[PDB]
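Backbone-built Cβ (ideal geometry, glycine too); neighbour counts: all protein chains shown. Basis: the model, the stated rules and, where named, an outside source; none is laboratory data.
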Amino acid sequence: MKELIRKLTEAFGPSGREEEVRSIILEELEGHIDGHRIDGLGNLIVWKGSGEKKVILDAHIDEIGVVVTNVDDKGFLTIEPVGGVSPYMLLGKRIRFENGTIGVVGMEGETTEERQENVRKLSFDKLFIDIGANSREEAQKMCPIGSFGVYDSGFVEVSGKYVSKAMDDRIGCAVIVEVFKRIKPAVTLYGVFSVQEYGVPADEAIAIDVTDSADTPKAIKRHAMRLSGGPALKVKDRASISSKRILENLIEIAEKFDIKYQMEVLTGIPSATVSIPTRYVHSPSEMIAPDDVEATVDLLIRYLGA
Amino acid sequence: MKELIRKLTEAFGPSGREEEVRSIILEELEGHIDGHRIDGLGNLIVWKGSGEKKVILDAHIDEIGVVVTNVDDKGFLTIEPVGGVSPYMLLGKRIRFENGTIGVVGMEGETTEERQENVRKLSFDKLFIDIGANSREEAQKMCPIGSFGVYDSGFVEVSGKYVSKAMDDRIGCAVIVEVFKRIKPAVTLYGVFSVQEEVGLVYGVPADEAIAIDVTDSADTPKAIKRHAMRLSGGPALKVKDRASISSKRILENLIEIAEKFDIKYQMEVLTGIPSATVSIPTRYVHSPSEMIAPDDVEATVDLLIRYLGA
């Protein structure tokens, strides 16, 4: 799965501009699916198998980023966050735009005191992006207002862990692709790669997401999700009887096929959530353990295969 | 523009559950916008054009409706209003719920005395909804407590007028969508399709002007004898706000000159942050299942905005 994860996480796909992610998913899936369609909103749906039960696997394809909301007379860009990007995560970072344009995030403030003041309550209105332009007209030609940017960081192996941008939720997309690549389905299996800001009848829906891995220094919460603890199965409070049955089925599959799993504890179509534990979510260096990803693929193949 | 208005007014989108309206707006705008996003509050923002002046057009997407608050042993539903729904508008009416269920609104009272007494001081606790269930369990599965409903009434032409539910403010959403479909912008044009906040509770884009597209009561029905009355076919109603800023008054004067220069009908409405103006569609029977507009007012409003914002 290494190369699949590299391609999906490094692909450009902020909200509304996910064409490259869809193309990679379809290229990886060719020869492994029976059909596909892209609805009016941009959701990619694929399907395989013919069993009587219909099951949806859903992961979202958007990644967090920024959107340009203004350009000044010297060509510097003003931005707002798209998704959960913290302004502290952007200081000194490079941002990649759709056409390959790279920008540098700076912070306002000339004196050392003003900068110390701005970082103590850092706000997006104190940030700007420098794309190397010298005027508004130069910047507009490169990066018009309304342009989306993403982290300019890529995939790297860190002593057996995988680190990239957009593990949330490209790792969920990767799991679904790998399931379709390997499975001999006992159900009719739909893969929904949603834009998340469907037209398919189904009996069950399983969302493949990420959850925060709380195993870094000074984490003292019991029942914390951790890397290499396996897929995290989500406990729901207001869940219907049918939703809780999906969860119990997955637990039974895990124990019967000897797959490690962990329970993510409480704080229309029946549904369950399976999550990949991830460190540093919403940073340019989200980190997963490949054995958790492989266990999640195995879990789904054994639950849905025959 | 008729089909756009039909689809928007008939769409399911009570305050709290406006997803289907947002999807229709985006599908209708496909190919006519440069981008879109949803902010934290759930507001849908679209944009087109690259001019130096930034203008927002704003309309809200939620409609009035009801919410199920209880289910009795015989399957009958209790409801409370969402937004400004009068119980008098619900008597004998059919309600459509999110999952497609249709319910009938009835009123308590068997004696002709308490019925007459109930209807002269009508409250929501005297109303119930019949969804055809025979027990609590059946009704819970069809329409659980917390479910939202809207008028089960649709779009109809009435001798050249348009009549539907939720003209307030789906006709404003329709104006903005149609502007985006037609316009070659001289500005950077934002469309903001907003959700209204519940009374008692509580955009991301910098811009030079914001223009709200709303409905205003058309006071041209029998026995309405008030001056300053807006009328159907009198054109867009330009709001004269009492405490308007210097910059907001400048926009209003701009729109008047545009309207006068291009022979666009308009009427001035006087009541009885970003510089802003309000442009309203005259509407009869607001908050009823049969809100009525004149298509020429809607066309004139789109024309006004295009002349003001387009090159």
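Give the residues of segment A:66-98 that are crowded, with 16+ Cβ neighbours inside 10 Å and among the hydroxyl-bearing types (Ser, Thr, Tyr), sorted by residue number. Those that are crowded, with 16+ Cβ neighbours inside 10 Å and among the hydroxyl-bearing types (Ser, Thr, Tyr): A:69, A:78. When you scan segment B:12-34, do you find a residue that is more than 24 Å from residue A:82 (Cβ to Cβ), among the hydrophobic types (A, V, I, L, M, F, W, C) and surrounded by 17 or more Cβ atoms within 10 Å (Cβ to Cβ), even just one? The answer is yes; a qualifying residue exists.
I'm trying to understand the selection: among the residues of segment A:251-285, which are of a type in the set (A, V, I, L, M, F, W, C) and under 30 Å from residue B:146 (Cα atoms)? Hits for segment A:251-285 are A:263, A:265, A:266, A:269, A:272, A:274. All of (1) over 30 Å from residue A:207 (Cα atoms); (2) touching a helix residue (DSSP H, G or I) at 6+ places or on another chain (Cβ under 6 Å); (3) within 14 Å of chain B (Cβ to nearest Cβ) hold for residue A:72 with one exception: (2).
Considering the conditions (1) over 19 Å from the mean Cα position of the chain (by Cα); (2) within 30 Å of residue A:93 (Cα to Cα); (3) of a type outside the set (S, T, N, Q), residue A:209 is excluded by exactly one of them, (1).
A single entry from A:236, A:221, A:244 fulfils the requirement of being of a type in the set (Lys, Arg), surrounded by 14 or more Cβ atoms within 10 Å (Cβ to Cβ), more than 14 Å from every other protein chain (Cβ to nearest Cβ) and more than 27 Å from residue A:61 (Cβ to Cβ): A:244.
Taking each residue of segment A:130-146 that is away from every other protein chain (no Cβ under 12 Å) and looking for partners that are in a loop (DSSP other than H, G, I, E, B) and of a type in the set (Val, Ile, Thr) with beta-carbon atoms closer than 8 Å, six or more apart or interchain, yields A:131/A:101; A:142/A:101; A:142/A:131.
The residue list A:266, A:189, A:247 contains one member that is within 30 Å of residue A:40 (Cα to Cα), touching a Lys or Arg at 6+ places or on another chain (Cβ under 9 Å) and aliphatic (A, V, I, L, M), which is A:189.
Can you name the residue in segment B:36-50 that is at the interface with chain A (Cβ under 8 Å from one of its Cβ atoms) and surrounded by 19 or more Cβ atoms within 10 Å (Cβ to Cβ) and, of all such residues, is farthest from residue A:82 (Cα to Cα)? If you could, list the steps in order and put the result at the bottom.
Keep residues of segment B:36-50 that are at the interface with chain A (Cβ under 8 Å from one of its Cβ atoms), which gives B:36-38, B:47, B:50.
After this cut, where a residue has to be surrounded by 19 or more Cβ atoms within 10 Å (Cβ to Cβ) as well, the list is B:36-37, B:47.
Numbers: B:36: 11, B:37: 8, B:47: 16 Å.
Per the criteria, the residue is B:47.
Assess whether residue B:198 counts as being among the charged types (D, E, K, R), surrounded by fewer than 15 Cβ atoms within 10 Å (Cβ to Cβ) and part of a strand (DSSP E or B). No: the conditions fail for residue B:198.
Quick check, is residue A:63 within 14 Å of chain B (Cβ to nearest Cβ), of a type in the set (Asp, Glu), in contact with an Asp or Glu (Cβ under 9 Å, 6 or more places away or on another chain) and crowded, with 21+ Cβ neighbours inside 10 Å?
Numbers: within 14 Å of chain B (Cβ to nearest Cβ): yes; of a type in the set (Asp, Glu): yes; in contact with an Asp or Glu (Cβ under 9 Å, 6 or more places away or on another chain): yes; crowded, with 21+ Cβ neighbours inside 10 Å: yes.
Taking the combined requirement at face value, the residue satisfies it.
Based on this model, can you work out whether residue B:191 counts as in a helix (DSSP H, G or I), crowded, with 21+ Cβ neighbours inside 10 Å, in the same structural domain as residue B:48 (by CATH) and of a type in the set (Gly, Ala, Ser)? No; evaluated as a whole, the condition is false for this residue.
Please work out which residue is nearest to the other protein chains (Cβ to nearest Cβ), limiting yourself to segment A:257-275 and to residues that are among the polar types (S, T, N, Q) and assigned to a strand (DSSP E or B). Before you say what the answer is, go through the steps one by one.
As a first pass, look at segment A:257-275 and keep what is among the polar types (S, T, N, Q): A:262, A:267, A:271, A:273, A:275.
With assigned to a strand (DSSP E or B) added as a condition, the list becomes A:262, A:271, A:273, A:275.
Values: A:262: 30, A:271: 16, A:273: 20, A:275: 23 Å.
Of everything passing the filter in segment A:257-275, A:271 is nearest to the other protein chains (Cβ to nearest Cβ).
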